[PDB]
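Asks: This is the structure, below, for whatever I ask next.
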Amino acid sequence: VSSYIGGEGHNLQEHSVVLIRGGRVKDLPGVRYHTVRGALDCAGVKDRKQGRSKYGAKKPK
Amino acid sequence: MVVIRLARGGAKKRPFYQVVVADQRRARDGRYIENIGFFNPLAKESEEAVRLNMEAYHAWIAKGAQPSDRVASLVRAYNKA
Amino acid sequence: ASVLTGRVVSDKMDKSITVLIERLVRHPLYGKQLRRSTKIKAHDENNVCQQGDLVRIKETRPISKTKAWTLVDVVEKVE
Amino acid sequence: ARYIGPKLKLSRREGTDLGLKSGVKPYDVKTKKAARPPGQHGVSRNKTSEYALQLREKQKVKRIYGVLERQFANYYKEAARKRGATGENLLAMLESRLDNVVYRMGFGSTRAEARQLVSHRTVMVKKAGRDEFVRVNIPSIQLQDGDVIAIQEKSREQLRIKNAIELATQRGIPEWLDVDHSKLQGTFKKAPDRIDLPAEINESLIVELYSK
Amino acid sequence: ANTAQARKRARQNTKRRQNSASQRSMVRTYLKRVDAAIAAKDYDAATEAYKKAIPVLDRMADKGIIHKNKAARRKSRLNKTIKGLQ
RNA sequence: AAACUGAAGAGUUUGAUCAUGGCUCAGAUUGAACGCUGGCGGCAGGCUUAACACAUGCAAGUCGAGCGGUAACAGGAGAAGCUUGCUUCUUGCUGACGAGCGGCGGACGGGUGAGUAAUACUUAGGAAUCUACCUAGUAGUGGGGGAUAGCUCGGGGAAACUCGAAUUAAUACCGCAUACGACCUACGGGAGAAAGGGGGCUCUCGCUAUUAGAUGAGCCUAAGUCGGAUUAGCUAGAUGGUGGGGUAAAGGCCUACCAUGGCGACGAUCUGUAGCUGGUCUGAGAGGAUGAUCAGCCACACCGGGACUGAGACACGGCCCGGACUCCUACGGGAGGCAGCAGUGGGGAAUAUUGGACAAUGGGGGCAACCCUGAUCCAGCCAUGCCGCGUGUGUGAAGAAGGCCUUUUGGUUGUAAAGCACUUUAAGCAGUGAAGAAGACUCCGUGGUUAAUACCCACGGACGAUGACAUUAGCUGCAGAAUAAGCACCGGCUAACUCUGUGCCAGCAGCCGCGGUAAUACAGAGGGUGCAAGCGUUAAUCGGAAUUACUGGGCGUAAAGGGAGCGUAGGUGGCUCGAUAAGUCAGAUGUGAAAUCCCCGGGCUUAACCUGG
């Protein structure tokens with residue numbers, strides 16, 4: 001199945017293990033899932049601040 | 001044989017016992033033939049700690065059920081009280 | 001005991017009779033009764049009743065594998 | 001939990017005084033706000049809808065009584081369970097809470113101070129038919145009729161209690177509550193009636209909000 | 001058997017099985033003689049074999065290898081055929 | 001008295017309209033997972049997938065008051081090398097127990113839902129049954145014998161163990177006599193039982209026959225019970241009958257023969273799926289979905305099959321045969337089943353400690369002492385759900401400073417802060433301290449008992465042996481704000497708006513949709529909104545959806561009248577007078593387990609929770 005990588009920038013490549021959740025992308029035909037950022041190997045968004053939990057970004061200290 | 005015994009209900013560290021007539025083989029919390037009384041270990045003086053049905057207990061004694069020792073002592077205390 | 005009255009559909013079997021019972025059952029959702037007929041097998045020791053007769057039967061210990069009923073009485077004879 | 005942020009901003013958002021701060025001076029002079037909604041924008045277009053009004057009313061009652069949404073939902077469910085008007089029952093429960101009753105008695109100047117004072121176990125509540133006082137650290141305990149309230153011997157000489165009592169005297173004492181100052185003893189003989197409670201608060205909106 | 005009590009039960013069961021099997025065959029042999037007498041259709045032989053059979057069934061029934069009702073029913077079923085003959 | 005309380009819509013087809021019609025959101029919910037974050041307690045919950053393989057430890061023992069005995073441990077007695085205070089061997093003399101014999105238990109407790117569409121379940125009945133232990137009764141418990149394990153001797157094997165000779169005792173085994181019942185009976189009569197132990201001629205536990213109860217299991221009957229007609233015929237031991245056998249018991253359960261029957265559109269057969277139920281969510285209701293936890297029934301115990309024992313098994317931690325897999329082997333042969341409590345590997349998005357005690361309520365054995373009990377009660381871990389509480393409370397202005405916006409000077413953050421005065425719930429320290437305990441044993445009195453004040457049973461007293469939890473629940477003090485706030489969102493549905501950067505790029509989205517140089521829609525700051533030890537996303541179920549419409553929809557044009565007639569089953573059906581009481585209504589009884597839902601009270605400091613009616 002085909003999944004969408006949300007957020008700005010990602011580290012995914014061939015033979016990377018990812019976690020997949022539901023959720024269709026409206027304007028992408030055949031894309032019916034989303035990639036969970038920060039779950040197994042998909043790193044969170046680097047400089048995310050507002051919606052961090054939706055993109056697997058740790059709380060800046 | 002049929003043994004009258006306490007059944008453990010209530011909450012953790014707050015035991016409440018239900019006097020029940022049940023087969024010896026069957027478990028304490030399992031099926032019981034009849035319910036005759038409730039026993040409450042920790043209760044206020046105004047509240048009635050022990051309630052039992054004398055007619056049913058006498059009936060079961062005549063029938064031949066073998067009451068447990070704790071229930072027998074509770075019955076003795078209720079009778080004297 | 002339980003007594004049921006019904007027509008005897010078949011008397012061909014030796015020392016046996018088959019009786020049809022009509023009962024009304026209310027449909028749970030719709031609430032309208034539907035006629036339901038179930039065949040019950042009974043034991044007739046003298047084969048008194050021919051096919052089409054109305055007979056009364058009662059429950060009894062299984063005489064045979066499929067028969068647990070007996071023909072106590074016969075009420076009406078087909079013309 | 002209890003709100004830890006500025007008290008005045010809540011009242012400014014609601015647009016009317018919530019009673020969070022004791023009225024030592026006039027509310028208008030103290031803060032000189034609440035004429036307009038808080039924040040930079042202040043007056044704004046696109047007036048709020050009726051559902052927004054219902055939400056505002058619920059937030060008002062919760063903020064006045066220092067009660068979280070979870071407890072408020074439990075109270076509304078109990079009111080609907082109970083016989084009679086649901087809004088009336090819910091208001092009666094909010095009055096029944098211990099912190100509110102001590103604040104009405106005047107032991108605490110404000111509802112938040114009363115809640116802290118009760119949580120600290122200075123206040124003792126005796127239920128009807130009980131000859132021994134019991135210390136309570138839960139301010140949300142419902143009060144049965146005829147209940148008695150005492151200050152602990154350690155807390156008899158508290159300065160804040162003494163300063164609060166005369167503010168309470170200026171504010172007035174409700175009829176249902178009976179307060180003895182010399183012994184610092186308060187009796188909850190009857191629950192407050194809806195007519196006694198403020199008219200301006202609207203119970204119906206809270207009932208509307210929970211009906212989807 | 002993972003427990004010594006279970007091993008003991010197994011061996012005791014083996015011994016008890018041997019004894020019960022011997023007694024059971026003792027019952028069957030007498031019943032077989034009565035059946036053979038029935039097959040010959042001789043009243044005297046049937047009566048003699050039935051007289052021999054009688055005590056065995058009750059002795060074994062009390063010991064419990066054969067149930068009391070089974071012994072009674074066998075006596076009442078065999079005597080029926082014997083009576084029917086002649 | 002009470003249980004009788006409950007119903008919202010919105011965005012979107014059009015230049016615009018109304019209808020219709022789909023799609024989407026607003027709620028509750030859960031054995032829940034993932035992301036940020038995370039102080040504390042109480043009660044619950046914790047492999048939904050691999051019924052996949054299982055290392056390891058424990059989970060079923062007890063009885064010497066049934067018996068022969070003495071392997072160990074302690075003694076006692078003497079033998080005392082006496083080594084004078086070291087000490088050793090003989091004896092079952094004693095408390096006691098290894099092994100062996102014999103009874104009871106192991107069929108309960110505990111686990112799982114693979115199989116099962118009907119030997120399952122629910123519901124209401126029934127007749128042909130057995131039923132250890134238990135309550136009430138009766139009749140007994142006499143006399144004998146040969147065996148045999150341990151023990152000895154010699155072998156065999158690496159082991160698991162096995163073969164020979166001889167031999168000892170029983171509440172082990174087999175006769176004989178007696179027979180209240182009980183069995184057969186052609187009713188004339190026939191046959192069938194057992195064991196002794198212990199306390200001082202007795203009472204006692206046990207045994208044999210059996211009647212009645214109680215409990216438990218087996219059997220049967222009527223109904224209800226998922227999808228599929230693109231599954232219409234299916235059955236030949238098949239339906240019934242007699243003689244015979246088999247069962248504790250009815251029965252094609254089996255068998256010889258005889259007849260041709262048995263089920264089917266009211267759904268038979270054949271397939272997919274699935275344990276059923278009380279209940280659990282959702283919903284105003286009717287309904288829909290579901291069957292974790294707690295409790296009832298069923299089925300299974302690595303796979304297939306067979307039976308032994310026993311009252312009860314075709315037996316989770318028993319037996320036999322075969323099967324695959326793992327292990328040991330000296331190569332011929334042997335051992336195994338965590339779907340018991342923990343625990344390991346593996347699968348997965350995912351679910352825990354290789355813990356304490358029998359102290360309490362139960363179960364097994366015993367006369368008791370006492371032993372076992374991963375049942376049970378507790379304890380460790382997890383925010384996994386619910387409930388409660390805390391992270392402080394007052395007073396505080398030229399409205400400090402800084403950030404942000406701005407018409408560059410004002411506004412906002414904002415009583416927010418600083419200052420100032422208090423307070424110490426929770427956490428931590430020092431103490432204190434209930435309750436869960438039922439009164440064992442022992443002494444004394446009374447009655448029953450008996451030949452007996454012995455013995456035994458019952459009752460009534462005195463007495464203080466018993467606590468894992470535990471360093472307890474609670475109570476009192478010690479110092480000080482000191483130990484503790486985050487998540488999502490702000491175009492509309494929907495509560496919350498402006499800048500800066502970007503420029504159909506980066507990106508957001510649940511729907512309409514935003515992004516092409518002045519973005520309330522992307523990323524960042526300020527501000528604000530909602531929740532708050534939580535907050536969102538995702539997955540699922542119901543709701544909204546009157547969108548399968550019985551309550552409660554439509555069919556001229558939006559989807560929908562069969563091309564028309566005929567007629568089978570089936571559905572419905574004129575007027576009057578009667579019988580009948582099946583449907584219908586009303587009342588009586590039993591049942592519809594307990595819990596859960598609801599109402600009124602009670603107990604935990606409140607709540608969850610428990611609890612009487």
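By convention in this document, the chains of the structure tokens carry letters A, B, ... by their order, each chain's residues are numbered from 1, and ligands are numbered from 1 in the order they are shown.
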Would you kindly return, as a PDB file with N, CA and C atoms (P, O5', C5', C4', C3', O3' and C1' of nucleotides), in the first residue's frame, each protein, DNA or RNA residue with an atom no farther than 9 Å from any atom of residue 197 in chain F, considering only C-alpha atoms (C1' of nucleotides) and excluding same-chain residues fewer than 4 positions away?

Replies:
ATOM      1  P     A F  65      -0.909 -44.813  65.343  1.00  0.00           P
ATOM      2  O5'   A F  65      -2.446 -45.223  65.439  1.00  0.00           O
ATOM      3  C5'   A F  65      -2.918 -46.458  64.905  1.00  0.00           C
ATOM      4  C4'   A F  65      -4.337 -46.333  64.412  1.00  0.00           C
ATOM      5  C3'   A F  65      -4.525 -45.363  63.252  1.00  0.00           C
ATOM      6  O3'   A F  65      -5.613 -45.790  62.430  1.00  0.00           O
ATOM      7  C1'   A F  65      -5.712 -44.568  65.136  1.00  0.00           C
ATOM      8  P     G F  66      -5.351 -46.270  60.919  1.00  0.00           P
ATOM      9  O5'   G F  66      -5.055 -47.829  61.055  1.00  0.00           O
ATOM     10  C5'   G F  66      -6.072 -48.738  61.452  1.00  0.00           C
ATOM     11  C4'   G F  66      -5.997 -50.018  60.658  1.00  0.00           C
ATOM     12  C3'   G F  66      -4.633 -50.695  60.625  1.00  0.00           C
ATOM     13  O3'   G F  66      -4.382 -51.497  61.767  1.00  0.00           O
ATOM     14  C1'   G F  66      -5.458 -50.518  58.428  1.00  0.00           C
ATOM     15  P     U F 171      -7.680 -58.004  58.086  1.00  0.00           P
ATOM     16  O5'   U F 171      -8.724 -57.074  57.324  1.00  0.00           O
ATOM     17  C5'   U F 171      -9.060 -55.787  57.833  1.00  0.00           C
ATOM     18  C4'   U F 171      -9.604 -54.888  56.750  1.00  0.00           C
ATOM     19  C3'   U F 171      -8.569 -54.393  55.745  1.00  0.00           C
ATOM     20  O3'   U F 171      -9.181 -54.233  54.466  1.00  0.00           O
ATOM     21  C1'   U F 171      -9.539 -52.546  56.831  1.00  0.00           C
ATOM     22  P     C F 205     -18.492 -42.133  65.936  1.00  0.00           P
ATOM     23  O5'   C F 205     -17.587 -42.535  64.690  1.00  0.00           O
ATOM     24  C5'   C F 205     -16.640 -41.618  64.162  1.00  0.00           C
ATOM     25  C4'   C F 205     -15.511 -42.321  63.452  1.00  0.00           C
ATOM     26  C3'   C F 205     -15.897 -43.166  62.250  1.00  0.00           C
ATOM     27  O3'   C F 205     -16.139 -42.411  61.075  1.00  0.00           O
ATOM     28  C1'   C F 205     -14.409 -44.388  63.608  1.00  0.00           C
ATOM     29  P     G F 206     -17.238 -42.915  60.017  1.00  0.00           P
ATOM     30  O5'   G F 206     -16.672 -44.315  59.507  1.00  0.00           O
ATOM     31  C5'   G F 206     -15.565 -44.361  58.619  1.00  0.00           C
ATOM     32  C4'   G F 206     -14.900 -45.718  58.596  1.00  0.00           C
ATOM     33  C3'   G F 206     -15.641 -46.825  57.869  1.00  0.00           C
ATOM     34  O3'   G F 206     -15.533 -46.747  56.459  1.00  0.00           O
ATOM     35  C1'   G F 206     -14.856 -47.649  59.926  1.00  0.00           C
TER      36        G F 206
END

Asks: So that I can check the surroundings of residue 50 in chain A, please list as a PyMOL selection string every protein, DNA and RNA residue that reaches within 12 Å of it, counting only C-alpha atoms (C1' of nucleotides) and ignoring chain neighbours fewer than 4 positions away.

Replies: (chain A and resi 7+45+54-60) or (chain F and resi 36+487-489+523-525)

Asks: Determine which residues of chain C receive a DSSP assignment of strand (DSSP E or B), computed from the backbone, and state them as a ChimeraX atom specification.

Replies: /C:3-10,17-26,33-43,54-59,69-76

Asks: For chain D, list the residues within 6 Å of chain F, counting only C-alpha atoms (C1' of nucleotides), and write the list as a list in words.

Replies: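 Contact residues on the first chain: residues 40, 113, 119, 120, 136 and 141 of chain D.
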
Asks: Export C-alpha atoms of the chosen residues as a CSV table (one decimal), in the first residue's frame?

Replies:
chain,number,residue,atom,x,y,z
D,40,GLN,CA,-5.6,42.9,21.8
D,113,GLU,CA,-9.1,30.8,49.4
D,119,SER,CA,-8.2,21.2,51.4
D,120,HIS,CA,-5.8,22.0,54.2
D,136,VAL,CA,-12.1,16.6,55.7
D,141,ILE,CA,-18.1,17.1,49.6

Asks: For chain F, report every residue with an atom at most 8 Å from chain A (counting only C-alpha atoms (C1' of nucleotides)), formatted as an MDAnalysis selection string.

Replies: chainID F and resid 34:36 488 506:507 509 524 536:538

Asks: Report the distance between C1' of residue 101 in chain F and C1' of residue 141 in chain F in Å, rounded to one decimal place.

Replies: 24.6 Å

Asks: Just the residues within 10 Å of residue 110 in chain D, please, counting only C-alpha atoms (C1' of nucleotides), with nothing from its chain fewer than 6 positions along; format it as a VMD selection string.

Replies: (chain D and resid 19 to 23 99 to 100 102 to 104 164 168) or (chain F and resid 393 to 394)

Asks: May I ask you to extract the residues of chain C within 6 Å of chain F, using only C-alpha atoms (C1' of nucleotides), and to give them as an MDAnalysis selection string?

Replies: chainID C and resid 13:14 30 36 61:62 64:65

Asks: With N, CA and C atoms retained, could you export that selection as a short mmCIF file (atom, residue, chain, number, x, y, z; two decimals), in the first residue's frame?

Replies:
data_model
loop_
_atom_site.label_atom_id
_atom_site.label_comp_id
_atom_site.auth_asym_id
_atom_site.auth_seq_id
_atom_site.Cartn_x
_atom_site.Cartn_y
_atom_site.Cartn_z
N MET C 13 -47.19 -46.07 8.30
CA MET C 13 -46.26 -46.79 9.16
C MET C 13 -47.01 -47.73 10.10
N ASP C 14 -46.46 -48.93 10.27
CA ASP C 14 -47.08 -49.92 11.14
C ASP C 14 -46.98 -49.47 12.59
N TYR C 30 -42.10 -7.50 13.63
CA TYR C 30 -43.28 -7.07 12.89
C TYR C 30 -44.54 -7.19 13.74
N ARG C 36 -47.93 -21.83 11.71
CA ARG C 36 -46.79 -22.74 11.66
C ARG C 36 -47.26 -24.16 11.93
N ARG C 61 -42.39 -41.48 27.55
CA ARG C 61 -41.01 -41.90 27.43
C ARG C 61 -40.76 -42.39 26.00
N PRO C 62 -39.61 -42.08 25.40
CA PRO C 62 -39.38 -42.51 24.01
C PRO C 62 -39.61 -44.00 23.81
N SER C 64 -39.64 -45.19 20.60
CA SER C 64 -38.71 -45.40 19.50
C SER C 64 -37.89 -44.12 19.32
N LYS C 65 -37.00 -44.14 18.32
CA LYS C 65 -36.06 -43.04 18.16
C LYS C 65 -36.78 -41.72 17.91
#

Asks: For residue 62 in chain B, list every protein, DNA or RNA residue within 9 Å, evaluated using only C-alpha atoms (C1' of nucleotides), and leave out those in the same chain fewer than 3 positions away; present the list as a PDB file with C-alpha atoms (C1' of nucleotides), in the first residue's frame.

Replies:
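Result went into around_16.pdb, see below:
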ATOM      1  CA  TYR B  57     -30.974 -22.914  58.536  1.00  0.00           C
ATOM      2  CA  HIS B  58     -32.999 -25.355  60.649  1.00  0.00           C
ATOM      3  CA  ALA B  59     -34.477 -26.795  57.451  1.00  0.00           C
ATOM      4  CA  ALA B  65     -26.157 -30.198  55.065  1.00  0.00           C
TER       5      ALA B  65
ATOM      6  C1'   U F 135     -29.014 -36.259  57.336  1.00  0.00           C
ATOM      7  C1'   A F 136     -32.734 -39.835  59.232  1.00  0.00           C
TER       8        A F 136
END

Asks: As a ChimeraX atom specification, please: the residues near residue 28 in chain D (cut-off 12 Å, only C-alpha atoms (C1' of nucleotides), same-chain neighbours under 4 positions excluded).

Replies: /D:8,11-12,15-17,23-24,32-35

Asks: For the selection just defined, write its residues with N, CA, C and O atoms to a file, as a PDB file, in the first residue's frame.

Replies:
ATOM      1  N   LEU D   8      -8.847  37.865  36.880  1.00  0.00           N
ATOM      2  CA  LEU D   8      -9.604  38.949  36.260  1.00  0.00           C
ATOM      3  C   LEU D   8      -9.906  38.672  34.792  1.00  0.00           C
ATOM      4  O   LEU D   8     -10.945  39.099  34.284  1.00  0.00           O
ATOM      5  N   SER D  11     -13.186  36.900  34.274  1.00  0.00           N
ATOM      6  CA  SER D  11     -14.344  37.768  34.444  1.00  0.00           C
ATOM      7  C   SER D  11     -14.469  38.736  33.279  1.00  0.00           C
ATOM      8  O   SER D  11     -15.578  39.085  32.870  1.00  0.00           O
ATOM      9  N   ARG D  12     -13.337  39.205  32.751  1.00  0.00           N
ATOM     10  CA  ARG D  12     -13.374  40.108  31.607  1.00  0.00           C
ATOM     11  C   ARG D  12     -13.941  39.412  30.377  1.00  0.00           C
ATOM     12  O   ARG D  12     -14.752  39.990  29.645  1.00  0.00           O
ATOM     13  N   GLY D  15     -17.552  39.105  30.848  1.00  0.00           N
ATOM     14  CA  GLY D  15     -18.154  40.420  30.788  1.00  0.00           C
ATOM     15  C   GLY D  15     -18.840  40.878  32.060  1.00  0.00           C
ATOM     16  O   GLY D  15     -19.333  42.012  32.100  1.00  0.00           O
ATOM     17  N   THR D  16     -18.890  40.037  33.094  1.00  0.00           N
ATOM     18  CA  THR D  16     -19.471  40.397  34.381  1.00  0.00           C
ATOM     19  C   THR D  16     -18.684  39.741  35.508  1.00  0.00           C
ATOM     20  O   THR D  16     -18.026  38.714  35.316  1.00  0.00           O
ATOM     21  N   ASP D  17     -18.773  40.345  36.691  1.00  0.00           N
ATOM     22  CA  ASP D  17     -17.981  39.904  37.832  1.00  0.00           C
ATOM     23  C   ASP D  17     -18.328  38.470  38.217  1.00  0.00           C
ATOM     24  O   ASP D  17     -19.499  38.086  38.255  1.00  0.00           O
ATOM     25  N   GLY D  23     -14.384  41.628  47.467  1.00  0.00           N
ATOM     26  CA  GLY D  23     -14.722  43.000  47.149  1.00  0.00           C
ATOM     27  C   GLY D  23     -14.306  43.988  48.217  1.00  0.00           C
ATOM     28  O   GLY D  23     -15.157  44.619  48.849  1.00  0.00           O
ATOM     29  N   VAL D  24     -12.997  44.132  48.436  1.00  0.00           N
ATOM     30  CA  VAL D  24     -12.516  45.132  49.387  1.00  0.00           C
ATOM     31  C   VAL D  24     -12.717  46.540  48.836  1.00  0.00           C
ATOM     32  O   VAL D  24     -13.048  47.471  49.583  1.00  0.00           O
ATOM     33  N   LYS D  32     -10.387  48.207  36.199  1.00  0.00           N
ATOM     34  CA  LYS D  32     -10.596  49.138  35.083  1.00  0.00           C
ATOM     35  C   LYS D  32     -10.599  48.419  33.732  1.00  0.00           C
ATOM     36  O   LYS D  32     -10.220  48.967  32.696  1.00  0.00           O
ATOM     37  N   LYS D  33     -11.120  47.196  33.736  1.00  0.00           N
ATOM     38  CA  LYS D  33     -11.310  46.421  32.519  1.00  0.00           C
ATOM     39  C   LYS D  33     -12.701  45.799  32.576  1.00  0.00           C
ATOM     40  O   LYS D  33     -13.534  46.165  33.409  1.00  0.00           O
ATOM     41  N   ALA D  34     -12.953  44.869  31.659  1.00  0.00           N
ATOM     42  CA  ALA D  34     -14.170  44.076  31.512  1.00  0.00           C
ATOM     43  C   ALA D  34     -15.264  44.875  30.814  1.00  0.00           C
ATOM     44  O   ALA D  34     -16.359  44.340  30.608  1.00  0.00           O
ATOM     45  N   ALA D  35     -15.007  46.131  30.438  1.00  0.00           N
ATOM     46  CA  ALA D  35     -15.923  46.833  29.545  1.00  0.00           C
ATOM     47  C   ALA D  35     -15.898  46.215  28.152  1.00  0.00           C
ATOM     48  O   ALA D  35     -16.931  46.147  27.473  1.00  0.00           O
TER      49      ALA D  35
END

Asks: So that I can see what lies close to range 38-43 of chain C, please list as a PDB file with N, CA, C and O atoms, in the first residue's frame the residues with an atom at most 6 Å from it, counting only C-alpha atoms (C1' of nucleotides) and leaving out residues fewer than 4 positions away in the same chain.

Replies:
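The resulting file, part.pdb, is reproduced below:
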ATOM      1  N   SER C  16     -47.922 -46.869  14.068  1.00  0.00           N
ATOM      2  CA  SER C  16     -47.411 -45.509  14.160  1.00  0.00           C
ATOM      3  C   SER C  16     -48.359 -44.567  13.432  1.00  0.00           C
ATOM      4  O   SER C  16     -49.103 -44.974  12.535  1.00  0.00           O
ATOM      5  N   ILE C  17     -48.321 -43.298  13.835  1.00  0.00           N
ATOM      6  CA  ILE C  17     -49.082 -42.240  13.182  1.00  0.00           C
ATOM      7  C   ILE C  17     -48.283 -40.949  13.244  1.00  0.00           C
ATOM      8  O   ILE C  17     -47.528 -40.706  14.191  1.00  0.00           O
ATOM      9  N   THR C  18     -48.457 -40.114  12.224  1.00  0.00           N
ATOM     10  CA  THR C  18     -47.832 -38.802  12.156  1.00  0.00           C
ATOM     11  C   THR C  18     -48.922 -37.741  12.234  1.00  0.00           C
ATOM     12  O   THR C  18     -49.865 -37.758  11.435  1.00  0.00           O
ATOM     13  N   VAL C  19     -48.790 -36.822  13.189  1.00  0.00           N
ATOM     14  CA  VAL C  19     -49.796 -35.799  13.454  1.00  0.00           C
ATOM     15  C   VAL C  19     -49.213 -34.424  13.159  1.00  0.00           C
ATOM     16  O   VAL C  19     -48.052 -34.143  13.478  1.00  0.00           O
ATOM     17  N   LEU C  20     -50.026 -33.568  12.541  1.00  0.00           N
ATOM     18  CA  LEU C  20     -49.651 -32.195  12.236  1.00  0.00           C
ATOM     19  C   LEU C  20     -50.312 -31.253  13.237  1.00  0.00           C
ATOM     20  O   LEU C  20     -51.523 -31.332  13.464  1.00  0.00           O
ATOM     21  N   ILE C  21     -49.512 -30.371  13.831  1.00  0.00           N
ATOM     22  CA  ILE C  21     -49.970 -29.433  14.853  1.00  0.00           C
ATOM     23  C   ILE C  21     -49.883 -28.024  14.288  1.00  0.00           C
ATOM     24  O   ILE C  21     -48.850 -27.633  13.735  1.00  0.00           O
ATOM     25  N   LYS C  67     -40.324 -41.255  18.075  1.00  0.00           N
ATOM     26  CA  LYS C  67     -41.654 -41.185  18.674  1.00  0.00           C
ATOM     27  C   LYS C  67     -41.530 -41.017  20.182  1.00  0.00           C
ATOM     28  O   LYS C  67     -40.882 -41.831  20.849  1.00  0.00           O
ATOM     29  N   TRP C  69     -44.687 -39.769  21.725  1.00  0.00           N
ATOM     30  CA  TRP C  69     -46.081 -39.421  21.960  1.00  0.00           C
ATOM     31  C   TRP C  69     -46.967 -40.648  21.777  1.00  0.00           C
ATOM     32  O   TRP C  69     -46.606 -41.597  21.077  1.00  0.00           O
ATOM     33  N   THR C  70     -48.136 -40.616  22.420  1.00  0.00           N
ATOM     34  CA  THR C  70     -49.082 -41.724  22.390  1.00  0.00           C
ATOM     35  C   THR C  70     -50.482 -41.207  22.086  1.00  0.00           C
ATOM     36  O   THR C  70     -50.836 -40.079  22.434  1.00  0.00           O
TER      37      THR C  70
END

Asks: Can you list, as a ChimeraX atom specification, every protein, DNA or RNA residue that comes within 8 Å of residue 353 in chain F when you count only C-alpha atoms (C1' of nucleotides), leaving out same-chain residues fewer than 6 positions away?

Replies: /F:342,380-381
